[PDB]
Structures are given as structure tokens and as C-alpha cells.
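**Student:** Quick one: the structure is below, questions incoming.
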Amino acid sequence: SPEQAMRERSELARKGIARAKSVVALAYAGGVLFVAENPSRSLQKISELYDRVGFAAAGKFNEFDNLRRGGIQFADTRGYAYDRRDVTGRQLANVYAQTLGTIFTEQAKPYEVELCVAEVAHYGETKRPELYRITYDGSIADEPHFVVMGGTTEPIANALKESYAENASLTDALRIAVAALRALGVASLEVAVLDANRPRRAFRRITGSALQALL
Amino acid sequence: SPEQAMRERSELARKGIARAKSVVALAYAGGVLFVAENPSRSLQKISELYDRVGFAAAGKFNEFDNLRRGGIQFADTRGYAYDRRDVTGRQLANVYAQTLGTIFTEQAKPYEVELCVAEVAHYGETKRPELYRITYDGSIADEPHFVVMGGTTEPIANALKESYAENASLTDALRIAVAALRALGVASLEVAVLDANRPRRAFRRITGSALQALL
Amino acid sequence: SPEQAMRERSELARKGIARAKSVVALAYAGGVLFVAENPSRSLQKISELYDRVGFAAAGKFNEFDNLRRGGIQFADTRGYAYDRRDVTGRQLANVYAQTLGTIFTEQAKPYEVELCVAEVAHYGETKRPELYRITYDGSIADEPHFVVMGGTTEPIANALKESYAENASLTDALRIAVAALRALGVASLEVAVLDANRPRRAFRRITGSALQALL
Amino acid sequence: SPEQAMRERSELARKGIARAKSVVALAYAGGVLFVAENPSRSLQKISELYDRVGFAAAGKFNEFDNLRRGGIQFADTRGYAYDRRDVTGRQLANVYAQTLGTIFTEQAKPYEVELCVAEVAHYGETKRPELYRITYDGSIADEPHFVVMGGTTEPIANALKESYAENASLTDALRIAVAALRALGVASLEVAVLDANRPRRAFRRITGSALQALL
Amino acid sequence: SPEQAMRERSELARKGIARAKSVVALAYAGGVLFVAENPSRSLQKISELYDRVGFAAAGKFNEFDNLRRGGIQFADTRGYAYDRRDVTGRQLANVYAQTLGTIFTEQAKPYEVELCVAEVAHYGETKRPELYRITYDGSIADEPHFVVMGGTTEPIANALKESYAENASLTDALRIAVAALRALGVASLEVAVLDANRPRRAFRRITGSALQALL
Amino acid sequence: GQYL
Amino acid sequence: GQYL
Amino acid sequence: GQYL
Amino acid sequence: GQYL
Amino acid sequence: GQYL
Amino acid sequence: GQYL
Amino acid sequence: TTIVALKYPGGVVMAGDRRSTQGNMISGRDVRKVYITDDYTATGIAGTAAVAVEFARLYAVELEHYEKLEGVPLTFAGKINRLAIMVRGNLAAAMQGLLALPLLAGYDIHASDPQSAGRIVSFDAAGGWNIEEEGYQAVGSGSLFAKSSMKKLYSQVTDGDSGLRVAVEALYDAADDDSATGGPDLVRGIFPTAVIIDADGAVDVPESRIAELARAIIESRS
Amino acid sequence: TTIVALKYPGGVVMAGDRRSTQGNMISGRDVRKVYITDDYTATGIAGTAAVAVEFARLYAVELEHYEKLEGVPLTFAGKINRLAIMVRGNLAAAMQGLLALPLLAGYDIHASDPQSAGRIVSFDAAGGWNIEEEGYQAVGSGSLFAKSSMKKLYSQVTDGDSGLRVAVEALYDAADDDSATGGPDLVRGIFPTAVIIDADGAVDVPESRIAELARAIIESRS
Amino acid sequence: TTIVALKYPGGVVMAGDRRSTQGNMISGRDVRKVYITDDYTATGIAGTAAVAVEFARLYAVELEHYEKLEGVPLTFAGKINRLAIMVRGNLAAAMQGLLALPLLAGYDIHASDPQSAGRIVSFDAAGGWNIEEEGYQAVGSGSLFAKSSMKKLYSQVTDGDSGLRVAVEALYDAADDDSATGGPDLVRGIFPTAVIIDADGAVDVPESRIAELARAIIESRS
Amino acid sequence: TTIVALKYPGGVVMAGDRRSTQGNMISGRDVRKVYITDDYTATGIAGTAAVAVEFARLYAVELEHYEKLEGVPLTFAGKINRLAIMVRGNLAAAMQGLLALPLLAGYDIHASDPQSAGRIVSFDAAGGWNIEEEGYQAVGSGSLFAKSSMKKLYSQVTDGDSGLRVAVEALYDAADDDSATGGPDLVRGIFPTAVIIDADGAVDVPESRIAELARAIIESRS
């Protein structure tokens, strides 16, 4: 049964994503804040895709890692082809949703990964930061407040919706995020932010003594 | 079921790796010391990948042998393309994980090989040696103290856990590693060292009369 | 099951080896002595691979014959590519192991051939002759003294291990070898030697009147 | 079972060859005499492959006819590439055995043919004519006396066995072969000879009035 | 079973050819007379392949139509490549038998066609008309008198055999053929002749008023 | 089928 | 198949 | 798999 | 084939 | 298989 | 599938 | 056109003029011939203006793409290797007329001595490069005159300000001696562009400082 | 070099000299320039030596391979078509000086009359050919002189002996009037090579008769 | 440019000057012209600077990659074969104009006599090479002057010190006679670079020894 | 450069000098211009030295590969076909200056008469070849002079010693008359190298006998 086969494949993807770590991306006063419970120092799941665009994923590392690589190549090709300002996270997210649909349908084993596309206003520009969440099947979703991933997203999502604050400062946003995610230590965490107050490249990580005293 | 197939492939690779010799690499005072039980003189499961990067594996010899060859050619391409110092063991381990997970995704026969990546500080540079344990499913493990390959990893691993000494001397680390491994003679053993005190190429083997007298 | 496929392939290769003639290669005073029970004059199981490297196998004649041809092209390419002295039996045995593992992995039917690599010291040079024995699955083994090939290898192997004389004179070595192999006449038998005393090409065949006079 | 499939393929080939005419090639005083019961005049199961090499076959006509065509092409390539005298029946039979084993393994349908390769001494040169019998699976057999192929090989083979005489005269060997094959008229038969007394092209047919007078 | 698959395939071709219209071609005083009942004016079952070579078939019209076409390009290519007289019906029948065996073997759908190949003496030259009947699997048969294509070949074949006269005049041959074939009207017929008295192109058709007056 |  |  |  |  |  |  | 670079204690400053001409006719008077490829190195390319522009764009894109892919920027040697590689890839375009001579100045963050962390690398037509051990580089049409002048003037370079004034004076000399090299426009208020690279990164000199330095030098020459 | 072919009642005879020169330097003096392609056709090729030899080998291989594949040799028209095809395949190499021009002599066994069953076919440079109906043909450097001589001497051709003697004398004339064509070397005993084709096929002429015929012609000319 | 290499008892020594010129103008004055490809062979390449650097890098990478792949370094013959193959590979660029003349000198550890384990291999443009039995060789523009000088001065080569001094004075001669070869720049403290290869491997001469030997030679010539 | 061949009763001897030059400038004085390709054939190639070495390597490897693959060596006609084919393959390269003229000396083991089993084969530039039935051959710059000299001297060839002495004298003649051909160097003790092929195989002449014969001939000429 092709329908049963697709159901088994989808449930396999669900089990794989469920047995994965939790990634939260939230909009705050300074733009977008990224939190990743990643014990490995060498491995990183939060990265930058474009000048005002970040990368967030949750799942098998190789899958979303290669997806991130391909997306960076496509985005750089787009920027060099036309203009830096002709690159937007919406088109990226469309490309990723199409690619994930193709991967699920045609590749024998789909990628058990969850994807987030984040884009903020340019420098000297006001605009609400964009959160696009994309699943393997291709249900790209626009989150106006926060993006959750991995594990039991129900307690984390409940804690976030209960404690979400618009225009939240960096310290308040991070403490709310850590309280929601607990439902830990400064180590084992990957922290980065899309700062619209950056002139060109909004993305920037916060780790170590900055993260230590900041938390 | 495709889940049944992936499972039985997983236990197949597990059975292959379990019925294999033991390779241990430990970080000590002078860098990383490679120890393996290799009865064959011609065959060698430990080799150099880059001037400060060594190679270790456990499994079917031709599999990780071609993997080592591919890693060597890729690292040479990276060094020639950009610069010598632009080659890192982390990127090599990432490529290894990519190609592993790939092969296990498409190839009918999964590989019964387990791999370790070792990178030390450059000469005149201080940095804790980095050990990357890459698994057959493409999973990678960053281990700071000691890495064990193949066979009954439990007694040797637990022995090394209680007998690990940071900045261990060459001879003391040698004897501790031999004590853990026995849980042998100068022959049937392969020894190499990634010496950070080497000006350019950290890798070096210690075999025969030197290996005998050191013990 | 995949496993049923693998061990049916393996036992098919094994039974193909079982119905094969017996070839023995032994390290004697003058180097390596090749003895093969070939009733056919035109068919050959012993051959030369390089100046000091020979070829020995038993199984499907076309299989190891084509493998012999491919190895000959590989050795010629290696020698012309760098230098004659840059060709070693170790690298040859490596490539044979790789291609045998490859064939067993992908080709519909396993090759019911197992191969032996012999390498002697160059002219005016001392080095213990090296015997590589490669199984159909790539299980290469280094034989310090002798290689027993084909058929019921157990009785001849016991007779040889009991009666092996290191650095045996070629006459005594051949008489011991024929005594062990009996467990034939000058006809229906093929004899060749890798003779390290030769200036450039160690390989040479001893057949007919020379073989009869010796035995 | 793959073994079951191979046995089915082998029995297919044997039963295909069994319901076929009988072709005999014997070494006589003047070289090799080709005898085949070929009622069709346009169809010919005996042909020349090279100056001192003929072609004999027993099986599906287009199969061994294509094999004959390819072998003639290969022999012409060999002669033009190197030298006329550089073409031998042994290498031709080796190539044919390679190709038959290959096809039998890979082709969904095996060839139900039996191929005999005959080579005679060059003109002004003495050498015992060589008969190479190749099975559908590549099993090559070197016959010093005669080759019986197609149909019930046991009765005719035995009759030739008591009726075999070396260096037999043309007419005497002819009548011996006729008596053995009977176990027919001048027509419905195909006769050719590899004549070493020929300066260049040993092959020659003897048909019709000459064939009548020889009987 | 592969045997049962071949049985159903061959019986499929048998049902196709038997459940198909009848064609008879006979050697007569003027050469070869082609008689095929053909109600369709557009559809033609008889054609010319070469100056002295015609075409006849029984089965699916598109199948032998494409086969006849390909044979026509092949024959034209051979005539232009070497010489016009170097093209013979024997080689054409050989190519047809080979390609029919090919289609039966690898093409999943067999052709339910059975063909006759005819060749007459060149103008100003004496040679008996040659008839080659080839069936779906390539089983070619040479008939010196008459070849019957498709349909209930037994009553018509017996009637022809009883009433076949060598060197029969065109009128007598026609009346014999139509009497045998009844076992139709002036319509529903196709008449063609390979006339040796033609200087170059022996083929010629006789229909309508010529056919009516001839009857 | 054609059969014609 | 043709075998003659 | 690796879901770190 | 020819396994000897 | 080879593992040593 | 993102039907909306 | 002429682009100069010079190392000063604790950094490097590199400058370029603003004039593009077509034969005797003048096309541009405000040409940007200085590009900040990234935070710690800047590139000024002589040759065809179009080719130099796309070359700088492609080089910046490659550097950023690598730094994104690997999460880390290249070593200075890697950057030099890439620049040389593309310059060698530009031989086909150069032999038919599309010339572009790059000048690379950067601040080696990995340098043991930050005082000597300034780097100036000079590339020839064959694609090869030369780190400038003399402390200063000048490329372009008036590059000979600029080399000649601040050979003398290099005794005066001691910091960002002294080196910047020396570079302004050298560009003034190149413009004065070479009619294809542009000088400090006063009626239009156009002055050559410059970038300072230090341990804080590469920063662009405010135009007011360039104008005042040019005016002071001119009154010295008046 | 010069190769001549002439028909005689009941067959054909065609011969070739033995000299090969490089400019004025003489390279070979016993060059057998006559080839027997098969039993009933013999071919002599003038032009570049290596090209002529490899054409001889290739054409023999082609004819034998076709005959083996089909169990039957070609028609004469087929053979001529093939030789024309290879010659027109040789045009490319011919424009760069690697020319080799053929002369085909054969015995058409299929001819109704066996007395006129001999054939002479002459191929031009562009691959075009012509059956020779004058009964004689000469190719090579001294081809014009040999044709001129055998034009006069065709009155006395009556058999293999007369035709062979006429061909020998024509080859002598070509060697005499052309320094590129070699004559009968008496001191070294070297004489031109020849083949006779008839209903029995192409047979080489034993050297004794060539020597005696050349000596007799010399004595007549002495 | 000028690069020399000579064998001394139990080793080999080679040196390369520091001048690079763009025709008449001088581009580099401290350039490195001798490369230690591996522990026992060092290679100095005359010709185009960027191209010679690319060969140095590529050949070192090839040797190390082969040695890593096979777990064994090449035989000296294999090394020379690869270098000849590369020189044959760049023939298109050489005819184009991008010339580079290689010099390989190595210490064959496999030599029966380690005293005679020094090697000097001299390659031609066509890719061919020659081992040097005279014990010395020179490449570059001033190669002829250095060769003729060390022809006389090889009588004084007795060890690494004497051979190094002879090489330094030969390079001095080449620089003095050839304007394209740069000599010891005393004012800038620039001196030609050298490498010593022996039984323990390839080592680079400390700069003080080069400077003092050049000064002593100058005083002798003064 | 000159390489000469001559057969003696029961074998063949073929030698080559040692001088290589670039135009007027003498590069090598110890060049080995004869290669023993196998036990019964030796090869001496005149022309580009690099191409000569490459061709010797390729031909030896090809013969060895065929013999190993088929268990039997090529026949003399097959070997000659291979050499001619690879020469025809080199025509494109030779037209630009990378020429290599081969000389093949062989001992036909299959010859009916071992006394006549020695063989000399002469290949032209167009790939064409010819056995030297007249007894000898010489290729190279002094090929004409060596041929004209040992033409006279060939009455004296009776064995290995007589033929070798004649070949040495002819090589001396070619060196004496042609400045591109090198003779017996006495100050350096360098003499042309030779190879003798007979029923036992191909053997190299010891330099003692070469020097002795050269000195005897010199004293004869003094």
C-alpha cells in the first residue's frame, strides 16, 4: 500500500524528530534570538544563511547540515546574480520546502529534520522579523512569535505561549527561553542572535563569558 | 519493512565491528598516542591523514582503507587549494560523516567500520588535542580523554576511565594503554604518535626496538 | 534476509574453491617455489606479475585469469608511472583485495577464486620473501613460510607444516612439496620459481626435462 | 535460489545442445578434419577462423554464428595490430571462454552451443594439431585426439575411441568418422579440413563430387 | 519458471501467427510467384527487398512492416557499401533470423510474425529460386519448392504438395495456388512475382485486370 | 492486432 | 531455436 | 543517526 | 565453468 | 572479511 | 504539504 | 589610475584615486578604487574598472561564502592563494585587453606582533604575488612616481596619520606627474579614497580629513 | 618509382621496379612494389612507401575478413568500390604530402570470356577509378614514359611471355628516362618484381626469367 | 636569476640568489629560489617566479600525498620521472612564454656509498633530464658564468663548508657578470639563499654564515 | 649523434656514441644511446634525447606487457609493427621538432640459419621500415659518413670482434667529420657504448674493450 508506505515513512520521520534536541527561535527587542541545547562544542545547529538571515534546524546533523550548505550556495548565487538586497528569507524558505518535499517523495529515506528560516529588518529599517518553519513533508509555517523544535514540543510550546513577551530585552528573552526549555547550565548551549542593529551581517553568536555573565 | 531493513543493517555493521581488533588513541603530554593490536606487519589500521592529523579505524580493512585514501586526497586538495593551515580535522570528520551516512543510505551493504579523527595543536601553538569518534551510521562523537575502537570496548573503556591521566608521559601512557588493552608482545602491536613538538608533521610511528625498549 | 544472501554467496564461493586443484607456494633457499597440479599444457595457474613478483591462484580459470590480466596492467601502469622499483607486492595485494571485495559486494556471483601474492628480494638484496594470500571476500593473509591453495588444503597443509624446511634447497624443497601434494608425475604438473638471484626478472618456470631430472 | 537458478540455466543449456546435430573434428595425417551433419546447404556449422585455425560449433545457429563473427573480427584485429603469425588458436579459445562465461553469468538467456577451436602446425613446420573444446559456461577442454559435440556424444565418442588412429589418412579417417557418426549420404553433411600443407590458409572444404569420390 | 515463461511466449507467437492470414510463395517457370490474400488495398503483405529479392510475411502487419523496412535500409546500405550484386537473400535471411532471435530473447514482447525470404537468379543467369522461411525465434528453414505463411498451413500445404509442379507456368501455378489456398475472389488477394527475366528488378505485381485476365 |  |  |  |  |  |  | 598601500606601526593604510579616463577623455571623477573585502583586509585593483569591480565583488563573495561554510575565515595565505588563482584565471581576459592589477593590504590577526601585523601583498600579471617587506606598495599608472616619492617619504611614516598624509602626498605626486592619475579636486571637492586597517579591522578615512590633508599639502607645495 | 600493368590473351601481368629514393638520396634498391592482394588480383601502389605498404596490408585484411565473414569473396565491382573508398579516405593525408596512388590488376573469374577475364583498374587521386580498356596501364614517376613505350610495344603482346617482356622493357624505359625509377641492377643482381594473373590466379615471376629478359633487352639495346 | 648545486663528499649543497626583475626594472630583491621539497631532496627552479613557485608547491604536495597513500616515499628514479613528467606537461605554457627551468639535487639514502649519495639532476626544456656526474650544475641566466667558474673552483670543494663557499663565490661571479642575477646586498643585508642536504636530511644554511662567506669573498676580490 | 648497426656471422652488433648538444653547445658527454629492449633486440634512437628515452621506455614496457599477458613474446614482425605504429603516432609531435629516428638491431631466434639470425631494421620518419639486407645501418647526424666509411670497412667484418672494431672506427669517423657526433674522449676516458646480440642474447660490450679498440684505431690513424 503506497498510502501505508508513506504513513510508515512519515511516522519514522516523526519518531526520529521526536528523539531529537529542542531548538527555540524567538523575536525579541534586538531582533531574533537563537538557543540550542548542544553539548558538543564542535557541532553547531545554529548558523547564518545571509546578511539578515539566520539558520536553525533540529534533527539528524548531516541532513540539515548539507541542506544548510546547499542553501548557502543558492543564497550566495542569488546575491551575486542580482544584488545583495534581492535575497529574502521567503524565497529561501520556498526553496527549502520544495527541496524537502522532493527529498521525502523521491529519496528512499527522508531527512528526519525540522527547519527554521529567520529574516529581520535591514539596517536603519523597521520590519517584524520573519520566522518560517519547514517540515520534511513541506508544511512550511509562518510563526509570528516563536519557533519550537525537537523532543516534546508541547511543554516547551506551552511555556513559551505563557511567557512570550513582545519586544523582550536580551536578558529577559534569554531567561524566559531557558525557563521554557527547562520544561540548564551555560555550557552545552549554542546561542546566536540576528541583530538588525548590525550594519550588514545581523547574525552573531553569544558564547562563553558573554553568555556566562549574560545568563 | 524498511525499518526492519535499516535495523538488520545496523546490527550487521555492529556484528562486523564487534568481531574486530581494538584500537585505542589517548591524549597525553606530548599529544596523541596511537595504540592498536596489529599482528600483520604490512597491514596498518593507524595512519597519517594530515601533518597534525592522524587516522585510526576498526572494521573491514578495505572499507576504511579506501576511506583513509579518500580523506588523504581530500585533505591534499584542501591544502593545495587554499593553504596548509586551512585543513582541519573537524572538516575532515564532517566529510567522513557525510560520506558514511550517504553510503549507508544508498549502498546495499553498510560498512562495518568505526573511525576516529585526531587533531593536535600546531607546532609552537597550544591547543588540547581533539578526538572525533565517527560511527558507521555517520554519527560523530567528540571525546576529550580517550577513544576506543572495535571489539569489547567495555572493559578497556572502563579501565581507561579509571586509569586516564591528563598530560601523561609517553612511557606511563604507554603502559596504562597496554594494561587497558590486555583486559601483549612488542609484535602484534601498532604504535604511532601525533607529536605536537614536530615542526610540521606531528604524526610518527614508534615500532620495534624503540617500541620494545619503551615498554 | 540480506544475511542469507551473503552466506549463500560465501558458501557458493567456498564450494567453488573446494572443487579446485591444489597449488603450493613455498619460501625456499632460492626464493619462492611455485607448484601447481595442472594436467593441461595450455592452461596456466602460475604466472609472473612483476620483475620479482609472481602470480598463483586456483578456482575459476577465467576469473583469476582476468584478475591476473588486470593486475598485470595495474603493475605495468605503476612501474611506468613512477619507476620499476616503485612496484611492490603489498600494493598489488591491496588492489586485488579491494577488487575482490568489490566484486563480492556488487557482482551477481562471487568469484570462486582465492589469490596468492609472492614477492622476493631484489637482485643483490636480502629480504625474506613475502606471501600474501587473498580470499574471495578480500580476507588477505600474510604467510611467512608457505601458501596452501585449493581443494582439501588440510592434509597437504599438515604435511607441509610438518615437513617445512626453511631455506630448503630447490631439489629438497620440490621433493618435500610433491610428497605433501601427493597426500604426481613430472607430467600433469606446473612448476615456476621466483628466483631472487636473477638480475631483473626473478620469475622462471621449471618444466619437462629440467623438472623430470630434478624429480 | 541463485544456485537453483544457475542449475536451471545449466540444464537449459545442456538440453538445448542435446537436441542438436553432432559435429566431430579429428586429428589425421593432413591435420584436422571437420565433419558435421548439415542438411542445409546455406547454413554452415564449420568455418575458418584464421590461416591455420578453423571453427566448429554445435548449438543454436545464430548464437555460435555471432560468436564466430566476433571471433573473426578479433582475430583480424590481432593479426593486423601485431603480425599475421601472432594469432594463435589458444588465445582465440581463451577469449571465447571469457566471453561464454561472461554471457552465461550475465545474460538472462544462456547460449546452448558447444564450440571447438582447432589449430594446426604452420606450413613447413611440424606441431601436433590442437583441439580446444569450450563449454557454454566457458569450461575449456584441450583435446589431443578428437572433439564430439552436439547430440548423443556418448555412442559416437566411444565409436571414435575404439576407431581412433593417429595420423590417419584422409579417406580412412573420413570413413571412420562416417561410421562413428552413423552410430549418412554424401549430401546432408558438411566436410572441411585444416591442411598444414597449405602455404598460408590451412582451412579448406571438401564437398560434392570430391566428397562423393572420397566415399 | 523461465521455461514456462518461454513456453507462454512461444505459444503466444504461435497463436498470433496461426490466427493470421495465409501467404504462399512458390517457385515456378518464371521464378517465384507470391500469392497472399489481401482484402486491404493499403495494407501490403508482399514487397521487394532487392532487385532479385522479394519480401513475404505472416503476422502482425506493423511488426513485419518495420522489419521489412529495416531490412530494406540494410540491403541498400550493403549494396551501396560494396556493390549491388554483392547483396544476397541468404545474408538478409541471416540478419533477419539474428534480429528475430534478439527480439524474442530480450524484447519483452515477442513478434507474432513468420517470414519468407526469396531470391532468384540474376538476369541472363541460371540459378534455382531460393526460399528461406524464418519464424519468430529465428528458426530459419530452407524450402526448395514452396513456403506457406500463417493460417491453417496443413490443408493448403498438402494440396500444394499434391499439386506442385516444378517449372509450372504462371497461369498453371496461379490456378494450383488458388485451388490449394481455397482449402477467394479476385479481390481480397495480392499477387507478386520475382521474374528472373527482369533485367535488374525481378519483383513485379499482378493485380486487377492483369489478375482478372490471368484468371 | 493487424493480422493483415 | 535452430540447432541443425 | 545523530540528533545532537 | 572451469573451477579446477 | 578482514579485521586485524 | 501546505495545502493553504 | 594609481592605488598605493603602506604599513604603519600597528596597522596598514591603503588609498586610491578617483579618476577614470577613456583615452584622453575623462569618464569618471569620483571613482571608488578601494574596496574593503572584509573586516581585516581591503583591496584596491588597478586595470580595467569594470573587471576590477566584478573581481572585487567575486572575491568578497568567495571570502564570505567560505567563512559561512566553514564557520571560520581563511588564513591570510589562503586569501592570497585565491586572489592569485583568479588572477591566473584572468590571463585569457588580460591578453585580449581586459587587464586588472590587484593590490592587497591586510592586518594579520594571527601575527605574533600586532605592531607588524600589517600585510601588503603585490600581485603581478602572471598571477603570482609578493608580500611587501619594504612596508609600502603602489600600483597603477602613476605607481612608479608614487613609489619614487614615498620611498623618500617613508622616513616620515610613524602612525595612521603620518602614513595617511604620506599616501595623500604620494597620490598627489602621481596625479601631478601622470595625466591619467587623478588628484585632489577642490572646485568639485573630490579627493582620493583611502582605508585604514588595524587590530580593530578595516576602517574608511572620513572625507574631511582627506580634504584637509590635501589642502595642507597643497599649501606646502604652493 | 613506376608500376606497369598490361593485359595479355587469357590473363594479366603487372610489375614494379625496386628503387626507393629520398630526394636525390637512394634509400632502397630492392623494393618489392608489387602486392598480391588475393589469388586473382594483384596491386601495385606508387607514392609514399609506408602509406602504400599499410594500404596493401589493410586492403588484404579487409578482403579476407569480408570473405571469411560471408563465406564468399567480393565481386570485382565491390573490390574496386572499396579501394576507391580507402583512396578517398586518404585525401586528407594526401593534401599533406602522404600520397600513395594505386594500380589494380585482376582476373575476373566471373567474366564470360576467360581470354578477356583479366582486368586493369586505374585510380585517380580523388578516389575515382577507371577500368583500362587499352589493355595496359602504368603508374609512378616514369608512368608517362612507360605508357609511351608500351603504347608502341602493345602490338607485340601475345601471351604471358610477350606481355611480361614488354612490361620489363617499359620498366627499363621508365628507369632510363626517369632517375626516380630503378632499372635492372646487374652488379647486385637486382631486377624489378612482377606478378602474372590468369585463370589459375596471381603467381609471382621467378627472378631467373626477369634477369634473363632484362639481360636480353640490354643486349638488344647495347 | 641563477641557481647552482654541487655535490661535496657525503652530501650535496645548492643555492639561489634573491633578485627578480621585470625586464630592466627590478621587482624583488630578497626572493627565495631554492625549495626543500622533502627531507632529502631540494629543488631550485629558474624561470617565471609564480610558475616556479606553483611547481614547487605542486611537486611537494604530490610527493607527500604519494608517500602518505602508499606509506612509502618514492625511489629517486620515480621522483625524477615525476619531475620530468611535469616539465613535459608545461610545454604548452613554455612555448607560450611561461618558462621555468628546474634544478633537483637530492641525497639518495638508498645509495650503496653514502659518501656518493649526493645527487644532481639537470632537466632540459623538453622534459628530459640528466644526472650530473661532474658534481656541479647551475641553472638560470647566470648559469653559464657560474658553471664556468665552478669548473675551476670544484678543485677546492672538500666538504659542506668548501662546497658552500664555492657555490657562494660562483653565484657572486654570476651576479657580477649578469645584471639579471642579484648578488649579496650588503646595505640591505640581503644574501643568496642556500640549502645543505646530507645523510641526516636537507638543512638550510644560517644567514650569518652566508653573509660572512660573501664578505670574505668580497674582501678577497677587493 | 650517430648510431650504427652491422651484422656479423652468427649475430649482430650495434653501438652509439656519448655526446649530446643543444645546437652548438655541448650538453652531455656520457650519453647512453643504445637500449637493450629485450634479450634479443637492442634499440638506438637518434633525434630528441627526451623523446628517445620515452620511446625506449614505452617500447620496452609494451614488449614486456605483451609477453607477460600472452606468456609468449612478440615475433620480430610484430615488434617491428609496434615500432612502426608508435613512430607513425609520433608524426604530429615530430613536425614541431621533437623528432626521434630509431634503429633496431635484433637476433631472430626463429631464423632458419642462426648465422643469418641477426637482423637490422631501418625505420623512416613516416613510420615506414626496412630490414637492412645489405648488412649494416647508421642513423644520426654522422649517419651518412659512418655508412660511407664502414661501407669500405665491411669487407673486414667477420665476427663480433671484427664487426665491433669496424663499428668503433665508423663512429670515430662520424665524430671526426661531424661536430654533432662525439668520439672517444681520452682525457675523461669516455668512449661510445655498444651492444652485441647473438644466439645467447644481447650483451653490452665492456668499456675496457671499447677503449682498447678506440686506442688501437687512434694509433693507426696517428
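All residue names refer to the C-alpha cells as shown: chains lettered A, B, ... in order, residues numbered from 1 in each chain, ligands numbered from 1 in order.
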Pick out the residues sitting within 7 Å of residue 53 in chain B, and hand them over as a PDB file with C-alpha atoms, in the first residue's frame; count only C-alpha atoms, and ignore anything fewer than 3 positions along from it in its own chain.

**Tutor:**
```pdb
ATOM      1  CA  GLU B  48      48.527   9.928   8.986  1.00  0.00           C
ATOM      2  CA  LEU B  49      45.780  11.990   7.357  1.00  0.00           C
ATOM      3  CA  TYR B  50      47.440  15.404   7.646  1.00  0.00           C
ATOM      4  CA  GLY B  89      40.394  17.590  11.409  1.00  0.00           C
ATOM      5  CA  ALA B 118      42.711  13.070  15.894  1.00  0.00           C
ATOM      6  CA  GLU B 119      43.976  16.642  15.577  1.00  0.00           C
ATOM      7  CA  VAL B 120      46.644  18.274  17.734  1.00  0.00           C
TER       8      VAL B 120
END
```

**Student:** Compile the residues of chain C that lie within 9 Å of chain D, evaluated using only C-alpha atoms, and express the compilation as a PyMOL selection string.

**Tutor:** chain C and resi 8-9+12+40-43+60-63+66+108-109

**Student:** Find the residues near residue 3 in chain F: any atom within 8 Å, counting only C-alpha atoms, skip ones fewer than 6 places away on the same chain, and give them as an mmCIF file with C-alpha atoms, in the first residue's frame.

**Tutor:**
```
data_model
loop_
_atom_site.group_PDB
_atom_site.id
_atom_site.type_symbol
_atom_site.label_atom_id
_atom_site.label_comp_id
_atom_site.auth_asym_id
_atom_site.auth_seq_id
_atom_site.Cartn_x
_atom_site.Cartn_y
_atom_site.Cartn_z
ATOM 1 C CA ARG E 19 -4.635 -16.600 -36.056
ATOM 2 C CA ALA E 20 -3.335 -14.702 -39.070
ATOM 3 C CA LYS E 21 -3.849 -14.666 -42.813
ATOM 4 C CA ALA E 58 2.553 -13.677 -41.949
ATOM 5 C CA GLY E 59 1.650 -11.974 -38.702
ATOM 6 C CA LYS E 60 1.118 -8.512 -37.253
ATOM 7 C CA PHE E 61 1.406 -6.052 -40.124
#
```

**Student:** Would you kindly return, as a list in words, each protein, DNA or RNA residue with an atom no farther than 6 Å from any atom of range 27-35 of chain M, considering only C-alpha atoms and excluding same-chain residues fewer than 6 positions away?

**Tutor:**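 Residues near the query, excluding close chain neighbours: residues 16, 18, 19, 20, 21, 42, 43, 44 and 193 of chain M.
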
**Student:** Name all residues at most 10 Å from residue 176 in chain N (count only C-alpha atoms; drop same-chain ones fewer than 6 positions away) and give them as an NGL selection string.

**Tutor:** :N and (142 or 145 or 170 or 182-183)
